[PDB]
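Novice: Here's a structure for you.
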Number of protein chains: 4
Amino acid sequence: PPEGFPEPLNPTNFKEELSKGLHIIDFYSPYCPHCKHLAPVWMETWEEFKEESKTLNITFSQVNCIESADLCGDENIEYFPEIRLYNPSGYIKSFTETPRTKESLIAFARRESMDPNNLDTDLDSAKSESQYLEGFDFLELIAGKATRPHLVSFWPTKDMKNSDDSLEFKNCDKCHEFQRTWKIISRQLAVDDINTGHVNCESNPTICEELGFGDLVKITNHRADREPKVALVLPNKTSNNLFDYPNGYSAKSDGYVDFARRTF
Amino acid sequence: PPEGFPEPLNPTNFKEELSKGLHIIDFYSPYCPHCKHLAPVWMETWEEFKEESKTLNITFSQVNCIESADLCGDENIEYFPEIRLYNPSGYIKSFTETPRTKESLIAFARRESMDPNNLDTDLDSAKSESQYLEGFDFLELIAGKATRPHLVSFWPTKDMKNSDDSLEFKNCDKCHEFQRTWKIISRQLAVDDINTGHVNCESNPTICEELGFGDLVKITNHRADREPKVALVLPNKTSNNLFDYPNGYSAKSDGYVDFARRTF
Amino acid sequence: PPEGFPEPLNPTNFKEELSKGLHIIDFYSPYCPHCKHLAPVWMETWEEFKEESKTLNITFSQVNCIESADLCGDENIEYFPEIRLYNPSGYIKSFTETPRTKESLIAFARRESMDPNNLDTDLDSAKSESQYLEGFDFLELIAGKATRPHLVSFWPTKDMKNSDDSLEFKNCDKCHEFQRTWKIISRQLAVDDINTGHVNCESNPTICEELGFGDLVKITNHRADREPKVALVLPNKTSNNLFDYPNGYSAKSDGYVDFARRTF
Amino acid sequence: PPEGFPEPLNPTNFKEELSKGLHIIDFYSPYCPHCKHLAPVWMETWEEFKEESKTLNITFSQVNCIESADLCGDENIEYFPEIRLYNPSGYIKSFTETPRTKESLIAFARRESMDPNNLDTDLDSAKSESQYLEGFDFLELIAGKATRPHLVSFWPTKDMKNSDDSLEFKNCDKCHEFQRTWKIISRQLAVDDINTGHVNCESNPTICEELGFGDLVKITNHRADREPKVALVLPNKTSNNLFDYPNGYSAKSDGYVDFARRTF
């Protein structure tokens, strides 16, 4: 066991400990097949994360649900082991991604530190990582020239230089909300070395029409409302390398990040 | 009570009554508000439905959850009242639509009589109600000349004259499947006097491209797969009259049927 | 007579004058009814055309067939007056249209200046005036929404965006040839403010089938060869506004132009 | 605004529109004093130029540098407004002349249509406008009997009847080239009703010696090389009516045309 490795949180510690910063907690059981296959991974995770832990305000913790059974009942633990993110307000989300490695847990903590809503930090202080793609740039990506995956967003505008520029979108109720979402997505995907890009569909009509985003190219009074679109570009493939975002619109970044991270 | 009005089903009747045809059952309690403002409406529904009940093989029934509390318990009745569609194989779906009127309930039975999957009847014996729309025809609907709502389907082909013609769709995994679905949709919506149409996007490149369906127009090597698109045209409106089907793909007709029927 | 108005050409200046550019010559007799009610219209024209004469390299000239009788004899003048188009190479055609006005004469030179064969200029340098019509565009024209006449060409292909694009036509020996003809037609008719358009029948199967161009819609092994079809659409009429080109196929643009220019 | 008046060119159509013919483009800003008295002159220019536009392959167009700020940065726009000539290969020259009227803009288009280098047309098909002036004729011009200005060229030869005759010039490396230049000058000045003339200095030794072109009069081994000289004759003036072309030799016609057009 690593030197400073902390004891599980218990009913004397839980609320006092979660009242500052972020916590990634392993609700585990000493009575579990898979949870002793997590334990040594956890401690190495903890050990390698010691430095960033200080600077990102994120702590890896544990709860033994046998020694704290009523604690785990309050937190409504359904399975073992269960990995969760808390902030000072309480539960946020679970980390179900498999298989659990030191790499995957570290990436997840880094990913979550860049969500401004988690510690209500200020997104304006940060740059958007989203890259301005002219039509030609986007076509190069799709010709198989990407060396990393690119989540690309498409907009009913011609004036977006940075994805967070102040812009007035016509017949697009969700466009402004999605600029916040897109910026958060760009920074979270940057940890996984997945690129992001934005396309001005008004300046790239033929490309956006061919791709099925033709409704973003032009004002029409038959469609009341339009939404920004998102698609994934796979690196170093010359065909079938373009995949539209499958789920519905969301104000949350999570669906888009996890889509961009899928193995295809 | 109407003259022939059957009394509620009981444990001596239930499984035996449901072994043939379709049943639309009102699981109620004699001591609850919504189930006593429903009660006379059911009797309205039943008596008006007598002639169709036999030719459509659908029965309106009721269950007193006091005299048959264990029945309602076995079927997992959660609320009162609960209106449900049953098969000889068992539960199919619930009728949550409000307000419950004699018109809405009759419409539902007629609609459900037209799902081939309910009684394993043969869809191939029926005409598709879907009408062939040229691009020009569709713009006329969208200029405000629709006198009824039109749910329209858009396809990556040019050869679709009847929506259920024998066709080979290229790079479209779901298309064959959705012909069955689109055909059922056209028939169920004919009950509510809602029209349906199909468009050959290959015969209509500019229209489908501008509509945001440009991927159906043409083969490209970057998209593995395309799927047919669905849009609703509101009748007699000259603007904001075109609304895309919002949810994801389904092989079930129901979301598409309900989207086409909801108030805008 | 207008100020700079030239004297008739005579045998000493005649062939060296026609040795450059295009010439429109009025072979007349001073003792002729129709040849002296042409005279002032000829002077109106010349003066009105002064500015265009320089940039188009077209000259209105005259020959007195009594004072240069051996000249008119060499050219085999049949009647008086006879209006002829010459290039440096010699005679080209006569202008038989009546009634002769300043407008008709101006139009004629402008029309002839865009025939590439007159002064062997190269058509590749020019835009085609023929506009791309999809099915909906064409049906709008025929529903009566055209405000000028439209001569329309119909083709066995789906790949024609500009009427002069590089294309490989299947089972159509004349199509490549007719592309030049059609381009010259579009530019000559543009002088008379008549529009021209082209239709891809492979992209508009049902519209073209209904119109009687079904042989262009699809490859078949019954027909060895197909040719492009030509039809005229009259402006501002809601019925009986479509007229097929009546004469045979020609590599010449003029039969097609003159058809498009008829009074209805 | 006139009926068919085109909208400004933008980054999506700009390079496509310029791929054919000549374009005279008004690069403007809506927040520019000078660019708002041009706007109505521009729309007038366009409307009266509609007919010649077709036959000369010359189009008036615009780019708003507020709505197309990056295009104008790519085009290196320095001031507003900036009127420019483009061919398919790109920028040619700017139109800096003031004050801009409908007449000056039209005249400029006609002049540019007669430059063989702009659309690479064939100058040999056209006549030279340059008139043969014997010594006496030129002395008449200079006595003030010219009724239009006369740009006159002086040549080391005795054999020039037409300025584009096939000739061997002695000790004049540039003479052949300048025959092309002088021919272009003659046709372009013909648009503005400025005459051109040519003089054989070998046939007119005293006039040519006296004007300072004595070097063109006879073969001498003092000078390696001689060049044809150019002078302007002002109309209806009896003195100070003779002006040497002030700048250096050019194979380009533009300087000679502009000097001949200067008001004194």
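As shown in the structure tokens, the chain order sets the letters A, B, ...; within each chain, residues go from 1, and ligands are also counted from 1 in the order they appear.
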Fit chain C to chain A, using all C-alpha atoms paired in sequence order for the least-squares superposition, and then show me the result as a short mmCIF file (atom, residue, chain, number, x, y, z; two decimals) with C-alpha atoms, in the first residue's frame.

Specialist:
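Listing of out_1.cif after writing:
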data_model
loop_
_atom_site.label_atom_id
_atom_site.label_comp_id
_atom_site.auth_asym_id
_atom_site.auth_seq_id
_atom_site.Cartn_x
_atom_site.Cartn_y
_atom_site.Cartn_z
CA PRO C 1 -0.45 0.14 0.14
CA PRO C 2 1.31 3.33 -1.10
CA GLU C 3 2.86 5.47 1.67
CA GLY C 4 0.44 8.30 2.44
CA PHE C 5 -2.56 6.19 1.43
CA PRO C 6 -5.65 7.31 3.42
CA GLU C 7 -7.88 4.90 5.31
CA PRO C 8 -11.46 4.63 4.03
CA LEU C 9 -13.75 7.46 5.07
CA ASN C 10 -16.21 6.65 7.86
CA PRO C 11 -19.29 8.41 9.33
CA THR C 12 -17.14 10.73 11.52
CA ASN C 13 -15.04 12.25 8.71
CA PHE C 14 -17.28 11.74 5.67
CA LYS C 15 -19.42 14.84 5.10
CA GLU C 16 -16.86 17.33 6.42
CA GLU C 17 -14.29 15.79 4.07
CA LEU C 18 -16.59 16.22 1.03
CA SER C 19 -17.40 19.76 2.17
CA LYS C 20 -14.60 21.11 -0.05
CA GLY C 21 -13.44 20.36 -3.58
CA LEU C 22 -14.39 17.35 -5.71
CA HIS C 23 -14.28 13.75 -4.51
CA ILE C 24 -14.19 10.51 -6.44
CA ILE C 25 -15.31 7.81 -4.01
CA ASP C 26 -15.12 4.00 -4.33
CA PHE C 27 -17.94 2.43 -2.29
CA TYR C 28 -16.73 -1.13 -1.84
CA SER C 29 -17.14 -4.40 0.06
CA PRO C 30 -14.16 -6.51 1.25
CA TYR C 31 -15.94 -9.71 0.15
CA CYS C 32 -16.27 -8.98 -3.52
CA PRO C 33 -14.55 -10.23 -6.67
CA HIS C 34 -14.58 -7.02 -8.64
CA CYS C 35 -13.99 -4.86 -5.55
CA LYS C 36 -10.61 -6.35 -4.75
CA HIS C 37 -9.26 -6.31 -8.34
CA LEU C 38 -10.21 -2.61 -8.18
CA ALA C 39 -8.28 -2.11 -4.91
CA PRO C 40 -4.73 -2.16 -6.28
CA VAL C 41 -5.68 -0.08 -9.34
CA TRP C 42 -7.22 2.39 -6.89
CA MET C 43 -3.88 2.50 -5.02
CA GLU C 44 -1.96 2.90 -8.29
CA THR C 45 -4.23 5.79 -9.24
CA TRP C 46 -4.15 7.63 -5.93
CA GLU C 47 -0.36 7.58 -5.89
CA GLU C 48 -0.08 8.66 -9.53
CA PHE C 49 -2.61 11.44 -8.97
CA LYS C 50 -0.98 12.89 -5.87
CA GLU C 51 0.52 15.86 -7.66
CA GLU C 52 -2.62 16.70 -9.68
CA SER C 53 -4.92 16.17 -6.67
CA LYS C 54 -3.54 19.33 -5.06
CA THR C 55 -3.83 21.70 -8.02
CA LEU C 56 -7.14 20.36 -9.37
CA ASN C 57 -8.72 19.99 -5.92
CA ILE C 58 -9.93 16.44 -6.61
CA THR C 59 -9.58 13.62 -4.14
CA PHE C 60 -9.84 9.85 -4.50
CA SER C 61 -11.43 8.43 -1.38
CA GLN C 62 -12.97 5.16 -0.21
CA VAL C 63 -15.89 3.93 1.85
CA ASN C 64 -16.11 0.44 3.33
CA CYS C 65 -19.83 -0.32 3.11
CA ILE C 66 -19.73 -3.03 5.76
CA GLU C 67 -17.95 -1.07 8.52
CA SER C 68 -19.91 2.08 7.60
CA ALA C 69 -23.08 0.34 6.47
CA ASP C 70 -25.42 3.12 7.60
CA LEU C 71 -23.32 5.52 5.54
CA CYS C 72 -23.59 3.51 2.30
CA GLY C 73 -27.28 3.12 3.10
CA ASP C 74 -27.73 6.87 3.40
CA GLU C 75 -26.11 7.25 -0.03
CA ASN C 76 -28.19 4.40 -1.50
CA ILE C 77 -25.31 2.40 -2.90
CA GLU C 78 -26.81 -0.18 -5.28
CA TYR C 79 -23.84 -2.31 -6.31
CA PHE C 80 -20.23 -2.96 -5.48
CA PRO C 81 -18.05 -1.34 -6.35
CA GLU C 82 -19.68 2.00 -7.08
CA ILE C 83 -17.55 4.95 -8.15
CA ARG C 84 -19.22 8.28 -7.54
CA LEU C 85 -18.36 11.95 -8.05
CA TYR C 86 -19.36 14.30 -5.26
CA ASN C 87 -19.00 18.07 -4.82
CA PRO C 88 -19.65 20.02 -1.59
CA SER C 89 -23.29 20.11 -2.66
CA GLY C 90 -23.49 16.32 -2.81
CA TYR C 91 -23.67 13.50 -5.37
CA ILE C 92 -23.14 14.31 -9.07
CA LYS C 93 -22.77 11.14 -11.17
CA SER C 94 -21.41 7.61 -11.33
CA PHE C 95 -18.48 6.37 -13.38
CA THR C 96 -19.69 3.21 -15.12
CA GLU C 97 -16.96 2.95 -17.77
CA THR C 98 -15.12 -0.34 -17.99
CA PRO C 99 -12.47 -1.45 -17.83
CA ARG C 100 -11.33 0.61 -14.85
CA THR C 101 -7.61 1.40 -15.22
CA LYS C 102 -5.38 4.04 -13.66
CA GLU C 103 -5.59 5.96 -16.96
CA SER C 104 -9.40 5.92 -17.12
CA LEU C 105 -9.67 7.15 -13.54
CA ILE C 106 -7.11 9.91 -14.07
CA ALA C 107 -8.80 10.93 -17.32
CA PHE C 108 -12.16 11.04 -15.57
CA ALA C 109 -11.01 13.47 -12.88
CA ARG C 110 -9.21 15.66 -15.41
CA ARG C 111 -12.31 15.50 -17.55
CA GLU C 112 -14.52 16.44 -14.62
CA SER C 113 -12.20 19.18 -13.39
CA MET C 114 -13.05 21.13 -16.57
CA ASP C 115 -16.77 20.89 -16.18
CA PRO C 116 -17.45 24.41 -14.78
CA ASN C 117 -20.62 23.20 -13.07
CA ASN C 118 -18.80 20.78 -10.79
CA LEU C 119 -17.14 23.45 -8.57
CA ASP C 120 -18.88 26.48 -10.16
CA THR C 121 -15.75 27.97 -11.67
CA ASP C 122 -16.27 30.45 -14.48
CA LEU C 123 -15.82 29.22 -18.03
CA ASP C 124 -15.21 32.76 -19.36
CA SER C 125 -11.66 32.57 -17.96
CA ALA C 126 -10.79 29.61 -20.18
CA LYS C 127 -9.85 29.34 -23.84
CA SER C 128 -12.06 27.24 -26.08
CA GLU C 129 -10.10 24.28 -27.42
CA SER C 130 -12.39 24.14 -30.50
CA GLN C 131 -10.42 25.05 -33.59
CA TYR C 132 -11.75 27.25 -36.39
CA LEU C 133 -12.28 25.14 -39.53
CA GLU C 134 -12.89 26.63 -42.97
CA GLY C 135 -14.13 24.46 -45.79
CA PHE C 136 -10.69 23.38 -46.94
CA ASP C 137 -9.60 22.56 -43.35
CA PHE C 138 -12.64 20.37 -42.86
CA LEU C 139 -12.24 18.56 -46.20
CA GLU C 140 -8.59 17.83 -45.39
CA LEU C 141 -9.76 16.19 -42.16
CA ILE C 142 -12.29 14.09 -44.06
CA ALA C 143 -9.81 13.14 -46.81
CA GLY C 144 -8.01 11.36 -43.99
CA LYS C 145 -5.43 13.90 -42.88
CA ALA C 146 -6.64 14.03 -39.25
CA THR C 147 -4.22 12.18 -36.89
CA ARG C 148 -6.54 12.31 -33.88
CA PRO C 149 -10.34 12.18 -33.86
CA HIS C 150 -12.08 15.56 -34.37
CA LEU C 151 -15.51 16.24 -32.95
CA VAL C 152 -16.87 18.97 -35.19
CA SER C 153 -19.69 21.43 -34.61
CA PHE C 154 -21.56 23.06 -37.53
CA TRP C 155 -23.32 26.45 -37.04
CA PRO C 156 -25.81 28.72 -38.84
CA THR C 157 -23.50 31.76 -38.94
CA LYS C 158 -20.46 33.21 -40.73
CA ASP C 159 -19.01 35.25 -37.84
CA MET C 160 -17.62 32.58 -35.45
CA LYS C 161 -13.81 32.74 -35.16
CA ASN C 162 -13.68 31.51 -31.59
CA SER C 163 -16.46 29.12 -30.72
CA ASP C 164 -17.41 31.31 -27.74
CA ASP C 165 -17.40 34.77 -29.45
CA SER C 166 -20.42 37.05 -28.82
CA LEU C 167 -22.84 36.23 -31.60
CA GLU C 168 -26.43 36.83 -32.55
CA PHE C 169 -27.86 33.70 -34.12
CA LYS C 170 -30.86 33.95 -36.45
CA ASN C 171 -33.62 31.35 -36.16
CA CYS C 172 -31.62 29.22 -33.73
CA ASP C 173 -32.96 29.30 -30.19
CA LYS C 174 -30.41 26.80 -28.80
CA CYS C 175 -27.21 28.22 -30.34
CA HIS C 176 -26.27 30.57 -27.49
CA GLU C 177 -26.88 27.81 -24.96
CA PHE C 178 -24.93 25.29 -27.12
CA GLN C 179 -21.93 27.62 -27.21
CA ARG C 180 -21.36 27.00 -23.50
CA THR C 181 -21.91 23.30 -23.97
CA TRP C 182 -19.54 23.19 -26.89
CA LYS C 183 -16.83 25.06 -25.00
CA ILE C 184 -17.09 22.67 -22.06
CA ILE C 185 -16.96 19.76 -24.57
CA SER C 186 -13.83 21.08 -26.27
CA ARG C 187 -12.02 21.34 -22.98
CA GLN C 188 -13.14 17.93 -21.67
CA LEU C 189 -12.20 16.15 -24.93
CA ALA C 190 -8.84 17.91 -24.95
CA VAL C 191 -8.01 15.79 -21.87
CA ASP C 192 -8.35 12.66 -24.03
CA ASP C 193 -6.36 14.25 -26.84
CA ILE C 194 -9.47 14.39 -29.04
CA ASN C 195 -9.66 17.58 -31.14
CA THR C 196 -12.77 19.71 -31.54
CA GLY C 197 -13.64 22.11 -34.34
CA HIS C 198 -16.36 24.50 -35.42
CA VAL C 199 -17.61 25.33 -38.96
CA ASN C 200 -19.46 28.43 -40.22
CA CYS C 201 -22.00 26.94 -42.59
CA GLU C 202 -23.03 30.34 -43.91
CA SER C 203 -19.41 30.58 -45.18
CA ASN C 204 -19.42 27.04 -46.53
CA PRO C 205 -22.74 26.69 -48.31
CA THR C 206 -22.02 23.88 -50.79
CA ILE C 207 -19.87 21.83 -48.39
CA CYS C 208 -22.55 22.01 -45.68
CA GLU C 209 -25.37 21.41 -48.17
CA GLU C 210 -23.70 18.24 -49.42
CA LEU C 211 -23.09 17.11 -45.81
CA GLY C 212 -26.75 17.42 -44.85
CA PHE C 213 -26.42 20.69 -42.95
CA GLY C 214 -28.12 22.76 -45.65
CA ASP C 215 -30.70 24.06 -43.20
CA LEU C 216 -27.90 25.91 -41.40
CA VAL C 217 -26.51 27.45 -44.56
CA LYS C 218 -29.23 29.98 -45.24
CA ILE C 219 -32.16 31.83 -43.69
CA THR C 220 -35.53 30.45 -44.86
CA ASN C 221 -39.08 31.21 -43.79
CA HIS C 222 -40.20 27.58 -44.00
CA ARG C 223 -38.13 26.62 -40.98
CA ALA C 224 -38.94 28.34 -37.69
CA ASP C 225 -35.86 27.09 -35.90
CA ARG C 226 -32.51 25.42 -36.54
CA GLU C 227 -29.95 23.92 -34.17
CA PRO C 228 -26.17 23.34 -34.45
CA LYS C 229 -25.11 19.90 -35.69
CA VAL C 230 -22.38 17.61 -34.38
CA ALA C 231 -20.26 15.08 -36.28
CA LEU C 232 -17.25 12.88 -35.55
CA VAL C 233 -14.28 12.51 -37.87
CA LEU C 234 -12.14 9.41 -37.42
CA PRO C 235 -8.37 9.81 -37.91
CA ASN C 236 -6.27 8.18 -40.63
CA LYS C 237 -9.27 6.78 -42.57
CA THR C 238 -9.94 7.79 -46.15
CA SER C 239 -13.58 6.60 -46.30
CA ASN C 240 -16.45 6.05 -43.87
CA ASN C 241 -14.81 8.40 -41.41
CA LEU C 242 -17.77 10.73 -40.70
CA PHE C 243 -20.46 9.98 -38.12
CA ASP C 244 -23.30 12.34 -37.13
CA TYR C 245 -24.13 12.67 -33.45
CA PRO C 246 -27.00 10.09 -33.04
CA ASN C 247 -28.77 11.14 -29.86
CA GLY C 248 -30.89 14.26 -29.36
CA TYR C 249 -29.92 17.80 -28.47
CA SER C 250 -28.70 18.18 -24.86
CA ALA C 251 -27.50 21.06 -22.72
CA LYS C 252 -25.16 18.47 -21.15
CA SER C 253 -21.72 17.96 -22.57
CA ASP C 254 -21.32 14.26 -21.62
CA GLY C 255 -23.43 12.47 -24.26
CA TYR C 256 -21.44 14.48 -26.79
CA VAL C 257 -18.10 13.56 -25.07
CA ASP C 258 -18.87 9.85 -24.70
CA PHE C 259 -19.86 9.69 -28.37
CA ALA C 260 -16.56 11.26 -29.33
CA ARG C 261 -14.71 8.69 -27.16
CA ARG C 262 -16.12 5.43 -28.60
CA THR C 263 -13.96 2.59 -29.98
CA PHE C 264 -14.26 2.15 -33.75
#

Novice: Got a sec to tell me which of range 8-252 of chain D DSSP assigns to alpha helix (DSSP H), as an mmCIF file with C-alpha atoms, in the first residue's frame?

Specialist:
data_model
loop_
_atom_site.group_PDB
_atom_site.id
_atom_site.type_symbol
_atom_site.label_atom_id
_atom_site.label_comp_id
_atom_site.auth_asym_id
_atom_site.auth_seq_id
_atom_site.Cartn_x
_atom_site.Cartn_y
_atom_site.Cartn_z
ATOM 1 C CA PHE D 14 -16.623 35.126 -55.446
ATOM 2 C CA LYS D 15 -14.043 32.895 -57.034
ATOM 3 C CA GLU D 16 -16.838 31.015 -58.932
ATOM 4 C CA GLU D 17 -18.314 34.181 -60.408
ATOM 5 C CA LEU D 38 -21.459 55.607 -55.586
ATOM 6 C CA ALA D 39 -24.210 53.188 -54.622
ATOM 7 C CA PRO D 40 -26.877 54.912 -56.764
ATOM 8 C CA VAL D 41 -24.404 55.651 -59.579
ATOM 9 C CA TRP D 42 -23.495 51.966 -59.393
ATOM 10 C CA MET D 43 -27.068 50.747 -59.745
ATOM 11 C CA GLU D 44 -27.572 53.130 -62.662
ATOM 12 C CA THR D 45 -24.391 51.868 -64.307
ATOM 13 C CA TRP D 46 -25.540 48.287 -63.955
ATOM 14 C CA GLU D 47 -29.043 48.955 -65.321
ATOM 15 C CA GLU D 48 -27.984 50.894 -68.436
ATOM 16 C CA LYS D 50 -27.401 45.316 -68.964
ATOM 17 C CA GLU D 51 -27.480 44.806 -72.731
ATOM 18 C CA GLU D 52 -23.758 45.332 -73.423
ATOM 19 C CA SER D 53 -22.864 43.192 -70.428
ATOM 20 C CA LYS D 54 -24.181 40.154 -72.281
ATOM 21 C CA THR D 55 -22.311 40.765 -75.557
ATOM 22 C CA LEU D 56 -19.043 42.020 -73.988
ATOM 23 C CA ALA D 69 -13.968 41.316 -44.235
ATOM 24 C CA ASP D 70 -11.598 38.377 -44.756
ATOM 25 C CA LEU D 71 -12.140 38.254 -48.531
ATOM 26 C CA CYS D 72 -11.131 41.911 -48.777
ATOM 27 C CA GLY D 73 -8.091 41.148 -46.619
ATOM 28 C CA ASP D 74 -7.194 38.411 -49.115
ATOM 29 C CA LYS D 102 -22.231 56.210 -65.055
ATOM 30 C CA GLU D 103 -20.539 57.409 -68.232
ATOM 31 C CA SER D 104 -16.968 56.922 -66.937
ATOM 32 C CA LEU D 105 -17.691 53.443 -65.598
ATOM 33 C CA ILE D 106 -19.343 52.338 -68.875
ATOM 34 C CA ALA D 107 -16.580 53.896 -70.957
ATOM 35 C CA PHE D 108 -14.006 52.042 -68.835
ATOM 36 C CA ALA D 109 -15.763 48.694 -69.429
ATOM 37 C CA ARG D 110 -15.865 49.304 -73.197
ATOM 38 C CA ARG D 111 -12.186 50.223 -73.226
ATOM 39 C CA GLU D 112 -11.265 47.108 -71.265
ATOM 40 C CA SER D 113 -13.321 44.911 -73.569
ATOM 41 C CA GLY D 135 2.897 65.471 -93.063
ATOM 42 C CA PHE D 136 0.342 67.955 -94.333
ATOM 43 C CA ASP D 137 -2.484 66.267 -92.457
ATOM 44 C CA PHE D 138 -0.563 66.443 -89.194
ATOM 45 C CA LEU D 139 0.252 70.098 -89.825
ATOM 46 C CA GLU D 140 -3.490 70.656 -90.307
ATOM 47 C CA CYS D 175 8.746 48.737 -83.115
ATOM 48 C CA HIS D 176 7.096 45.354 -83.834
ATOM 49 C CA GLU D 177 5.791 45.072 -80.275
ATOM 50 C CA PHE D 178 4.532 48.639 -80.227
ATOM 51 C CA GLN D 179 2.462 47.932 -83.366
ATOM 52 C CA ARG D 180 0.400 45.667 -81.159
ATOM 53 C CA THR D 181 0.394 48.277 -78.404
ATOM 54 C CA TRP D 182 -0.536 51.074 -80.833
ATOM 55 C CA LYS D 183 -3.342 48.996 -82.335
ATOM 56 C CA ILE D 184 -4.843 48.418 -78.871
ATOM 57 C CA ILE D 185 -4.460 52.060 -78.041
ATOM 58 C CA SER D 186 -6.326 52.935 -81.234
ATOM 59 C CA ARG D 187 -9.360 50.723 -80.506
ATOM 60 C CA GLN D 188 -9.576 51.686 -76.851
ATOM 61 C CA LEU D 189 -9.356 55.432 -77.658
ATOM 62 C CA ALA D 190 -12.029 54.897 -80.283
ATOM 63 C CA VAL D 191 -14.427 54.212 -77.379
ATOM 64 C CA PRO D 205 11.876 64.435 -92.235
ATOM 65 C CA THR D 206 11.454 68.197 -91.423
ATOM 66 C CA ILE D 207 8.257 67.867 -89.368
ATOM 67 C CA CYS D 208 9.796 64.975 -87.439
#

Novice: From range 167-243 of chain C, collect each residue whose DSSP state is strand (DSSP E) and return the set as a VMD selection string.

Specialist: chain C and resid 195 to 200 229 to 233 242 to 243

Novice: With N, CA and C atoms kept, could you save the residues just selected as a PDB file, in the first residue's frame?

Specialist:
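Heads up, here's the output in out_22.pdb:
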ATOM      1  N   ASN C 195     -35.094  33.499 -71.508  1.00  0.00           N
ATOM      2  CA  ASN C 195     -34.274  32.619 -70.677  1.00  0.00           C
ATOM      3  C   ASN C 195     -34.123  31.241 -71.302  1.00  0.00           C
ATOM      4  N   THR C 196     -33.032  30.564 -70.961  1.00  0.00           N
ATOM      5  CA  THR C 196     -32.842  29.165 -71.305  1.00  0.00           C
ATOM      6  C   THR C 196     -32.522  28.368 -70.053  1.00  0.00           C
ATOM      7  N   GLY C 197     -32.911  27.092 -70.076  1.00  0.00           N
ATOM      8  CA  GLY C 197     -32.692  26.216 -68.942  1.00  0.00           C
ATOM      9  C   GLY C 197     -32.413  24.790 -69.379  1.00  0.00           C
ATOM     10  N   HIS C 198     -31.749  24.034 -68.509  1.00  0.00           N
ATOM     11  CA  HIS C 198     -31.471  22.636 -68.780  1.00  0.00           C
ATOM     12  C   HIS C 198     -31.987  21.767 -67.617  1.00  0.00           C
ATOM     13  N   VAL C 199     -32.474  20.570 -67.956  1.00  0.00           N
ATOM     14  CA  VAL C 199     -33.009  19.613 -66.977  1.00  0.00           C
ATOM     15  C   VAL C 199     -32.325  18.252 -67.035  1.00  0.00           C
ATOM     16  N   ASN C 200     -31.878  17.737 -65.891  1.00  0.00           N
ATOM     17  CA  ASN C 200     -31.355  16.366 -65.819  1.00  0.00           C
ATOM     18  C   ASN C 200     -32.484  15.373 -65.665  1.00  0.00           C
ATOM     19  N   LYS C 229     -33.969  16.799 -75.749  1.00  0.00           N
ATOM     20  CA  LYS C 229     -35.205  17.370 -76.278  1.00  0.00           C
ATOM     21  C   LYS C 229     -35.264  18.839 -75.915  1.00  0.00           C
ATOM     22  N   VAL C 230     -36.021  19.583 -76.705  1.00  0.00           N
ATOM     23  CA  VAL C 230     -36.206  21.029 -76.524  1.00  0.00           C
ATOM     24  C   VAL C 230     -37.687  21.433 -76.443  1.00  0.00           C
ATOM     25  N   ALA C 231     -38.012  22.242 -75.438  1.00  0.00           N
ATOM     26  CA  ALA C 231     -39.378  22.725 -75.281  1.00  0.00           C
ATOM     27  C   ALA C 231     -39.433  24.195 -74.891  1.00  0.00           C
ATOM     28  N   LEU C 232     -40.481  24.881 -75.335  1.00  0.00           N
ATOM     29  CA  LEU C 232     -40.659  26.288 -74.955  1.00  0.00           C
ATOM     30  C   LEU C 232     -41.748  26.478 -73.902  1.00  0.00           C
ATOM     31  N   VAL C 233     -41.428  27.257 -72.877  1.00  0.00           N
ATOM     32  CA  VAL C 233     -42.407  27.634 -71.876  1.00  0.00           C
ATOM     33  C   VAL C 233     -42.794  29.106 -72.022  1.00  0.00           C
ATOM     34  N   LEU C 242     -46.694  25.043 -72.830  1.00  0.00           N
ATOM     35  CA  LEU C 242     -45.545  24.187 -73.158  1.00  0.00           C
ATOM     36  C   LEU C 242     -45.584  23.657 -74.584  1.00  0.00           C
ATOM     37  N   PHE C 243     -44.564  23.992 -75.371  1.00  0.00           N
ATOM     38  CA  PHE C 243     -44.517  23.615 -76.778  1.00  0.00           C
ATOM     39  C   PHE C 243     -43.185  22.965 -77.127  1.00  0.00           C
TER      40      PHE C 243
END
